[PDB]
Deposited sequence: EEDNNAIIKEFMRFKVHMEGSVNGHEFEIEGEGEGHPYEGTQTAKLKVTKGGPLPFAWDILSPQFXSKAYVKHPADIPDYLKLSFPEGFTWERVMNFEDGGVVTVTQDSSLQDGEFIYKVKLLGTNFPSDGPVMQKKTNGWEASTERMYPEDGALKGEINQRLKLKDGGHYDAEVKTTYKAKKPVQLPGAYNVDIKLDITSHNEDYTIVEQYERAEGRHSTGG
């Protein structure tokens, strides 16, 4: 009863990419048990961004993942205290993005604080030149390890001609207090940018995430 059928959230991100410092403030809402959510993001410091929005989009919500009843919903269970996650994204051309995030529930609303550092993107690369057109649907392979929950993704960014820009993503999700971990399973994820102004200083995103068995 702690996680309602309809839940909102606030998100704040402090970040730097290739030395460009920035802040983003956002609000979101969705249906945590059917695995759907939207959010509207606002760059509030250091806008407009000299780099592609798409590397930030997956950092804005695992409480919103549809889970079949036979799989422990570890991250839903972690509330009200919540959980934290830590992520590295390794892109094909040497770009790296590391992220840390804290998730909590306060006054009926999810609170997300995000920290992001990105470096070593090539000046003539698609991220710094903003030639990316959003993510292909992906599959995160989840599994229990070291008492936490881990996720692995081979993620593809669409390139504006028919190619792709790839990234290897590795995340660790940790409940702030021990709750039941699941076995290995898969989460099909699709993230869409639904609206943005010209300089991507206001962005809206949609995401559907649904868990299923690996078998």
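Participant: So which bits of the deposited sequence did not make it into the model?
Facilitator: No coordinates exist for the deposited residues in 1-5, 66, 222-223, so these stretches are absent from the model.
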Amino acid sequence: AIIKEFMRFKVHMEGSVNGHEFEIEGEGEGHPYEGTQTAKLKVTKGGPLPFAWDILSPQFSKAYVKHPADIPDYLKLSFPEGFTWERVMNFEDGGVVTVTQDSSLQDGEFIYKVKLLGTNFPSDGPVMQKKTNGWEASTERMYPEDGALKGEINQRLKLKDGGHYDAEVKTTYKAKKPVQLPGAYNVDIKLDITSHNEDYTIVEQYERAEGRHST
From here on, numbers count along this sequence of modelled residues.
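Participant: Could you settle it for me: does 67-75 or 133-141 have the higher average Cα B factor in the PDB entry?
Facilitator: Stretch with the higher mean C-alpha B-factor: 67-75.
Participant: Can you let me know which of the two, 1-9 or 204-212, has the higher average C-alpha B-factor in the entry?
Facilitator: For C-alpha atoms only, the mean B-factor is higher in 1-9.
Participant: Taking the values straight from the PDB record, which of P182, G163, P58, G28 has the highest C-alpha temperature factor?
Facilitator: Answer for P182, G163, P58, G28: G163, with the highest C-alpha B-factor.
Participant: What's the residue among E152, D54, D146, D188 with the greatest CA temperature factor in the PDB record?
Facilitator: Highest CA B-factor of the listed options: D146.
Participant: Going by what the PDB entry lists, where does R156 fall on CA B-factor within its chain: lowest, middle or highest third?
Facilitator: It falls in the middle third of the chain.
Participant: Using only modelled residues of the chain, where does the Cα B factor of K176 rank: lowest third, middle third or highest third?
Facilitator: It falls in the middle third of the chain.
Participant: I111's Cα B-factor: lowest, middle or highest third of the chain?
Facilitator: It belongs to the middle third of the chain when residues are ordered by C-alpha B-factor.
Participant: Is the Cα B-factor recorded for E14 in the lowest, middle or highest third of its chain?
Facilitator: As the PDB entry reports it, the C-alpha B-factor of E14 lands in the highest third of its chain.
Participant: Among the chain's modelled residues, which third holds the C-alpha B-factor of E23?
Facilitator: Middle third.
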